[PDB]
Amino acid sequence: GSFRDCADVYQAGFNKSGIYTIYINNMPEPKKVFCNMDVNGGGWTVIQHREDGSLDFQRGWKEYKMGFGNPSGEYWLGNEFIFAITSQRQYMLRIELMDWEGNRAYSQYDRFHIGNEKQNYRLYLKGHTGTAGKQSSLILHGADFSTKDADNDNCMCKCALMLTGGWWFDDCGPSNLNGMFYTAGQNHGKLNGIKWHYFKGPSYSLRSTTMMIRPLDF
């Protein structure tokens, strides 16, 4: 049915994880995405994935808007596409995380969406659960998206210049999954890495991230 997301992809009989094309309402061009059909019933559209540091996340607003990298590996879907998808119905957000010592954790939000570009792709979440901290490492109560060329944070400083990448930063706040990818034992003592404070703390840089969405009604 209207392949609007990986949930539709899954309902239509494709039960196997991989690259698919989805047709997002009101977007001009189709979009290739990774679909995770494994976690917890499947139907997850991946909006961010990191695992090796091959792809650099130190980009500007335009690139954070339109997306970068490739769905076969590491990528950012793009805010314009995250908006367009999450406009077409109510979606939940799940975030899969792994440290360098083999531990996996996840955070999950019952409700997720972002505003439009004029709203600086502001973030709204509700209903945090999971094994990657009792509190949410993403701020629930509203933060614009910021990049090195768009200072929209709640700080008198510039969080994108200090922590790297593009994220919904507060006083930078308790996360940045789009920070610098550090490898091996370098995961220790890094302040501008790939961080999720309530899981491994402000100094740990994570081994892999996947952020993915699917409809509430799935």
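All residue numbers refer to positions in the sequence shown, first residue = 1.
- When 174 to 182 is weighed against 31 to 39, 31 to 39 comes out higher, by mean CA B-factor as recorded in the entry.
- Mean CA B-factor, 185 to 193 versus 151 to 159: the higher value falls on 185 to 193.
- In this entry, the residue among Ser146, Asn103, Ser136, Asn79 with the greatest C-alpha B factor is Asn103.
- In the PDB entry, the Cα temperature factor peaks, among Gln48, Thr164, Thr45, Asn26, at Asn26.
- Ranked against the other modelled residues of its chain, the C-alpha B-factor of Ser17 as given in the entry falls in the highest third.
- The deposited CA B-factor of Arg94 belongs to the lowest third of values across its chain.
- For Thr129, the recorded CA temperature factor ranks within the middle third of the chain's modelled residues.
- The PDB entry assigns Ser107 a C-alpha temperature factor belonging to the lowest third of its chain's modelled residues.
- In the PDB entry, a CA B factor belonging to the highest third of its chain's modelled residues is recorded for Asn70.
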